[PDB]
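Protein chains in written order, with the deposited numbering: chain 1B, 25 to 179; chain 1Z, 4 to 48; chain 1H, 1 to 318; chain 1P, 1 to 342; chain 1q, 1 to 145; chain 1I, 1 to 176. We treat Cβ as the ideally placed atom computed from N, Cα and C, and that holds for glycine. The structure appears right after this line, and notes come after that.
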Amino acid sequence: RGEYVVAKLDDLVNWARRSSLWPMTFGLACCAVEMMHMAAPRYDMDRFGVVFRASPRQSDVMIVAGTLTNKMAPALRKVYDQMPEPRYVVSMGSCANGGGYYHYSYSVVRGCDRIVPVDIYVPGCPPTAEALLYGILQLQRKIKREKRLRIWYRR
Amino acid sequence: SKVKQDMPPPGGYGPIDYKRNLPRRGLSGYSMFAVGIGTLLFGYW
Amino acid sequence: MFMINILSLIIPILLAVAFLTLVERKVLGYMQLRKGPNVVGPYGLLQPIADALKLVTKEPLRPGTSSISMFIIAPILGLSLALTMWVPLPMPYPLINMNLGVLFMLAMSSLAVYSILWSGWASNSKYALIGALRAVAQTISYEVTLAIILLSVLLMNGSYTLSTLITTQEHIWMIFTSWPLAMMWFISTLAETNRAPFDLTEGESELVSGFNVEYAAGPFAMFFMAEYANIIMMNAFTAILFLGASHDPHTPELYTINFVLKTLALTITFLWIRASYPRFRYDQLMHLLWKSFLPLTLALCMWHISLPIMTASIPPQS
Amino acid sequence: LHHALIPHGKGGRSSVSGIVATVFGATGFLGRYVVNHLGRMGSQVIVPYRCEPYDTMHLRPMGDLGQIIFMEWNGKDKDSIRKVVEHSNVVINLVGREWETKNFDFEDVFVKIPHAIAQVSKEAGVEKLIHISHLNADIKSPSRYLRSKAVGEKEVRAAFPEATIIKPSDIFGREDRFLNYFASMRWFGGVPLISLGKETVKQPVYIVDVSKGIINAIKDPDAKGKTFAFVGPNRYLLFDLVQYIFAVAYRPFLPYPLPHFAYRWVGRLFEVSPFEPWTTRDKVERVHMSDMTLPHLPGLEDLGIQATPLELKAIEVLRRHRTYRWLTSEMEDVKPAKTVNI
Amino acid sequence: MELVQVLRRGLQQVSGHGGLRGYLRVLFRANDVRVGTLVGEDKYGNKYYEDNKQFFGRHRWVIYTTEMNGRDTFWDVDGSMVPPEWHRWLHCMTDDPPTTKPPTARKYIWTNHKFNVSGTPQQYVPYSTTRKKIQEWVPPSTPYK
Amino acid sequence: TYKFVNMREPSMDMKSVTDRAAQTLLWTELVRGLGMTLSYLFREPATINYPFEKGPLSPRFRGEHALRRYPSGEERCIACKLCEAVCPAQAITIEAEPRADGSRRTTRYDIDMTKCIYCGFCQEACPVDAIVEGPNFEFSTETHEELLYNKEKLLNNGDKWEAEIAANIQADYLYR
Ligand SMILES: CCCCCCCCCCCCCCCCCC(=O)OC[C@H](COP(=O)([O-])OCC[N+](C)(C)C)OC(=O)CCCCCCCCCCCCCCCCC
Ligand SMILES: NC(=O)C1=CN([C@@H]2O[C@H](COP(=O)(O)OP(=O)(O)OC[C@H]3O[C@@H](n4cnc5c(N)ncnc54)[C@H](OP(=O)(O)O)[C@@H]3O)[C@@H](O)[C@H]2O)C=CC1
Ligand code: SF4
Ligand code: SF4
Ligand code: SF4
């Protein structure tokens, strides 16, 4: 029946989506250096069919990392809006998650969620490359448990 | 007891190398040009 | 019966072009001590299908300032000329036996710049327009070197008929007779296709996207497929002028695999070259061509145009 | 009011204001702004969600952590609504399908659910209800839009005695689907105008005022069965809207008079699409259903908010529709069209 | 001569994987076709392996169980599925597999390790665990004086 | 002491000029750049596959917090309050009241997990090492709320990660 047809099509689409997650790593601080340990020869980032990509026009997940100041805030939202559908932002590190140890500072916005709809919160200071890779795997499974075609079919 | 912290051995560690060890290799400038022109002459012939 | 051959020619290129991205990503990985895509299917073989249709199922935003007509025309003509470019290849029996096939090769290679120019202009972005005219000025500057080197090479062949190359290059590779022009030809190829070290037209950390700029699922994939269609073939042109193979008519398969392997090994070097070397600056990228290549190009053309007359070894044009 | 519900805080994101809103179907035009206003001063939103969470993602950065709660629900099952409003100081309804769907017709989204949530919310002992119904709600009206709202109007009236039914007229805003509508008639060749649109005046109101009305109606005592009506400050003629938008869109305009006989085919053909039916038969007939100027029903000023003029907020929505050719042209380039306001 | 034993390892890989079906299972589920000694097996089905010859990092590895605590897992490999006792040996924090040295017996230790529960009904939700302040008044029950 | 790094006189004989002329013409230092790239291709990659394998750590790792308890079973947290006075992000929050028997256990111990930096200071602060940082680092989430920890969630971490940290501290307290 039709329900099975859309379910298989839904499986196929998300298989691509949970495979070629070309990332906008928008890290700014010591969360940024530890992420390269996830683009490492030690833990390959390219091995899960995902390659660090410039030109935000072709990007799917935006890795936000490092402390987020007020000055950066206008620039972070504009690039997020330039990012195409689908777009997921993974908050990396204590600073980008809730503000972190730079919480009460006069020039830090507490957490990136106040500016962008975060999909995955990766805790850490810095989040070890394994931990942030685990978050990417967590986001990968999130794409798997997606029902885009089901909602349209059952609208 | 007695102190068993991380210590160097009483004989000391082994040698360490701090050099630009780029190795001289290949051929001589006359040789490369000569063998290069030889192949060209072979190709022409 | 003929649309057979067209489809039996076209679809393999698209499949070959697509799997070059895998081959590139994995080669580079092992080049800089990595494994590359290996989790999406066995040895990542299904990853090309994963990203390709992904680059067809992700939303294709049209920039507000972009002119739709040119933003659509540029990928179309960039892709169209690459596919038509493959028709005169003397692969055993060429599909199109144009007696002026080499001119046909260069005529279409001179129109990919329009795909570069319009896409840069159509995007109507400051970052695009400086990327465009710089990109186009690079590639048409290497046109003169590209044209002359061939003129030296086929001068010993007899004509511009591509199928005649197998007859001329029968006993020895033509590289053994024009190896000064060999790397001279080969190095100019990366300039045209814009591959590192001559990768000024992309610049992921400098030009961010280069002439591709604001391109996503849709027109971008064509550009990525177009750029990875020219790379596969400049091997075939190189593997035809330079190193070739015998063409025993009883076994055309013998020419196929032998030709295919050379066009595979050379594509590895193209991918291999991008790995090590730094990326050129524009001034030197033009300085190397106009000042360090052109005087060399002109001299070799004089040598290659007087050598057959000197040795009474002019080739038969028929 | 409960001790935990005591409103203290300077109207900030993490401030406590006591409004336990349960906005239904917030994944829409005014669901987007209502939570923003609800989340501006701090008020737990419990919004039912049924669609994919991704389309609900952009509602998350609208309040403090632990304020905007996403809860699964079903339109048919009563127990789903029972859980979403089991703890709700107020309940706000906006659910309504603007086109035709295979699984939902007009009434199923306009009489069943709005009344179903109405009775269960009273069953759940709610204290308010701000269900909405289009201000041109008439059974006698040919448009099944207005017929459905009117029967929905009485259904929530009897079910909830204190149902402060909301009567909003045409509403314009960033994704209003109306100002974007007349902008999109360019892609259908010459712009078709039924009877040229010589006899249709409508009252559009900027949504932020519409959203401001709902929250003000939430916090103002009054309510409890009122029938507030929401209209703009001025009304243009149907031509007069289309000339204004096309002027501020700077797009070429061909007002070709198109008889309603072909609107039946046009509305049907755009509906046959297995995707979003851009135009439906009820839409092709609601275009001339000119909004009235009823004075009896209370307006925005009754709540205490003034309706921004349409010509004041035009670029904000429509700068996207105009191309790069006139991207930097502001209000002063485009004068306001003929004002036939009452 | 050096080529034959390399292919011998390649064919031995299928032999150690329990046939072609087992080989394709690990090749797809785990994407790591390697034969290693069985060091131990925990209480969920997680099979642990060790290979001295492999370098540091590939020294010890694990192919996870197909089922644990309800979640069916065949294409759902995760890092939170490792029970705490094997979390030491697997991360190479100590050369002592739990099957050799078992954890010190305590009453309060969880008998079933849990995976990452985020995004599911049984996920975590924060709340204030203090009791209350400012106790309110209470009058007898009939209103207005 | 000092050492010059750039000064160098190129030899100016015919062989030397030919060497340099060949180097520019027949690219040899370029090919050397390619030469040791192949050596890197024909080498074992250091790619640790995940979650199947794990990059090595140490018995001192600082990660997810977990409040432990005595071998008899009673909470180690004394409400000594010191962890706050050292917490440089002020992430933790301790408030306690006399229990039913009278032994003070905190009525609220809410480490704001997206606030701390995993100092190890809170561990170094506790006189009864109640609060520790478990070896787990894979505790990402999708809602910002689940990061915000509390007393119960801390205790569950302590009861879940109990054998490991008991072993880690057992093998690391001597250094401490
Ligand atoms: C009887 C004999 C008649 C003929 C004899 C001809 C003369 C003898 C042979 C001379 C050498 C051959 C001709 C010149 C070639 C070099 C041209 C040139 O300008 O070079 C210097 C140029 C310029 O060097 P430069 O700029 O440092 O110095 C030149 C002088 N100034 C400074 C004034 C400009 O440099 C290069 O070409 C460097 C490499 C650029 C491209 C980067 C990628 C290289 C990839 C190499 C590996 C792959 C090789 C593949 C080979 C083909 C395989 C099929
Ligand atoms: N300018 C305006 O906004 C005007 C609005 N109105 C009325 O006000 C309301 C506008 O709501 P708005 O959000 O802007 O509408 P939308 O155009 O966004 O679509 C309807 C909204 O309700 C949801 N919805 C639709 N059908 C159902 C259903 N069967 N069950 C549950 N949820 C459903 C939609 O989400 P999803 O698609 O995922 O179900 C969406 O949030 C409607 O009642 C409409 O008739 C009237 C005149 C003008
Ligand atoms: S969260 Fe920690 S590691 Fe990341 S930027 Fe902030 S202080 Fe640095
Ligand atoms: S965790 Fe330790 S230091 Fe902190 S309050 Fe409890 S007993 Fe005191
Ligand atoms: S380790 Fe973390 S929770 Fe403990 S004191 Fe340091 S910052 Fe605070």
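Top-ranked residue by Cα proximity to residue i, from the options
i: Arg235 (chain 1P); options: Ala249 (chain 1P), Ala229 (chain 1P), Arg147 (chain 1P) and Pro204 (chain 1P); result: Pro204 (chain 1P)
i: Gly44 (chain 1H); options: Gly64 (chain 1H), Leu22 (chain 1H) and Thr65 (chain 1H); result: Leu22 (chain 1H)
i: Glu153 (chain 1P); options: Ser14 (chain 1P), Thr227 (chain 1P) and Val16 (chain 1P); result: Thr227 (chain 1P)
i: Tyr44 (chain 1q); options: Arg58 (chain 1q), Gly70 (chain 1q) and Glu136 (chain 1q); result: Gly70 (chain 1q)
i: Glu332 (chain 1P); options: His321 (chain 1P), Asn341 (chain 1P) and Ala314 (chain 1P); result: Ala314 (chain 1P)
i: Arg82 (chain 1P); options: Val45 (chain 1P), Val120 (chain 1P) and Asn93 (chain 1P); result: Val120 (chain 1P)
i: residue 182 (chain 1I); options: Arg60 (chain 1q), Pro97 (chain 1q) and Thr94 (chain 1q); result: Outside the displayed span of chain 1I (1 to 176) sits residue 182 (chain 1I), for which this structure offers no information.
i: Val103 (chain 1B); options: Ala153 (chain 1B), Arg165 (chain 1B), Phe50 (chain 1B) and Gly124 (chain 1B); result: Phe50 (chain 1B)
i: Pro108 (chain 1B); options: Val30 (chain 1B), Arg174 (chain 1B) and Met48 (chain 1B); result: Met48 (chain 1B)
i: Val109 (chain 1P); options: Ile166 (chain 1P), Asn74 (chain 1P) and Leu135 (chain 1P); result: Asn74 (chain 1P)
i: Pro98 (chain 1B); options: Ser118 (chain 1B), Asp68 (chain 1B) and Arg138 (chain 1B); result: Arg138 (chain 1B)
i: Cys116 (chain 1I); options: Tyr50 (chain 1I), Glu74 (chain 1I), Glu142 (chain 1I) and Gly63 (chain 1I); result: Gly63 (chain 1I)
Beta-bridge partners of residue i, as assigned by DSSP
i: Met48 (chain 1B); result: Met86 (chain 1B)
i: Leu181 (chain 1H); result: Partner(s): none; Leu181 (chain 1H) has no beta bridge.
i: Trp187 (chain 1P); result: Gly189 (chain 1P)
i: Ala229 (chain 1P); result: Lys167 (chain 1P)
i: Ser115 (chain 1B); result: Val88 (chain 1B) and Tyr145 (chain 1B)
i: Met71 (chain 1P); result: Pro48 (chain 1P)
i: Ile94 (chain 1I); result: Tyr109 (chain 1I)
Start-to-end residues for the alpha helix (DSSP H) that takes in residue i
i: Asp220 (chain 1P); result: Where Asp220 (chain 1P) is concerned, there is no enclosing alpha helix (DSSP H), given that its DSSP letter is neither H nor E.
i: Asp35 (chain 1B); result: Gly26 to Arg41
i: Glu301 (chain 1P); result: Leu300 to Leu303
i: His260 (chain 1P); result: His260 to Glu271
Within-9 Å CB hit, residue i to chain 1H
i: residue 180 (chain 1B); result: Outside the shown range of chain 1B, which is 25 to 179, sits residue 180 (chain 1B), and nothing can be said about it.
i: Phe36 (chain 1Z); result: no
i: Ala46 (chain 1I); result: yes
i: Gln162 (chain 1B); result: no
Beta carbon proximity, residue i to chain 1q, threshold 9 Å
i: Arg62 (chain 1I); result: no
i: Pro135 (chain 1I); result: yes
Cβ of residue i within 9 Å of any chain 1I Cβ
i: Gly32 (chain 1Z); result: yes
i: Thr130 (chain 1q); result: yes
i: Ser276 (chain 1H); result: yes
i: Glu85 (chain 1q); result: yes
i: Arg106 (chain 1q); result: yes
Enclosing beta strand (DSSP E) for residue i [first to last residue]
i: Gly40 (chain 1q); result: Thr37 to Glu41
i: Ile63 (chain 1q); result: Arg60 to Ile63
i: residue 256 (chain 1I); result: Because chain 1I in this structure spans residues 1 to 176, residue 256 (chain 1I) falls outside the shown range and cannot be described.
i: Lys78 (chain 1P); result: No beta strand (DSSP E) contains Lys78 (chain 1P), which is instead part of the alpha helix (DSSP H) from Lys78 to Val84.
C-beta neighbour in chain 1Z for residue i, strict 9 Å
i: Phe176 (chain 1H); result: yes
i: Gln170 (chain 1I); result: no
Cβ of residue i within 9 Å of any chain 1B Cβ
i: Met71 (chain 1P); result: no
Closer than 9 Å to chain 1P by CB, residue i
i: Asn235 (chain 1H); result: no
i: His65 (chain 1I); result: no
Three or more C-beta pairs closer than 8 Å, one from the segment 159-167 of chain 1I and one from the segment 105-117 of chain 1q: is that the case here?
yes
Assess contact between the segment 27-41 of chain 1I and the segment 51-71 of chain 1B, defined as three or more Cβ pairs (one per stretch) separated by less than 8 Å. Is contact present?
no
If you pair each beta-carbon of the segment 128-139 of chain 1H with each one of the segment 219-230 of chain 1H, do three or more pairs fall below 8 Å?
no
Contact between the segment 90-97 of chain 1q and the segment 131-140 of chain 1q (3+ Cβ pairs under 8 Å):
no
Using 8 Å as the cut-off, can you tell me whether the segment 72-86 of chain 1I makes contact with the segment 107-124 of chain 1I, which would need three or more C-beta pairs spanning the two stretches below that distance?
yes
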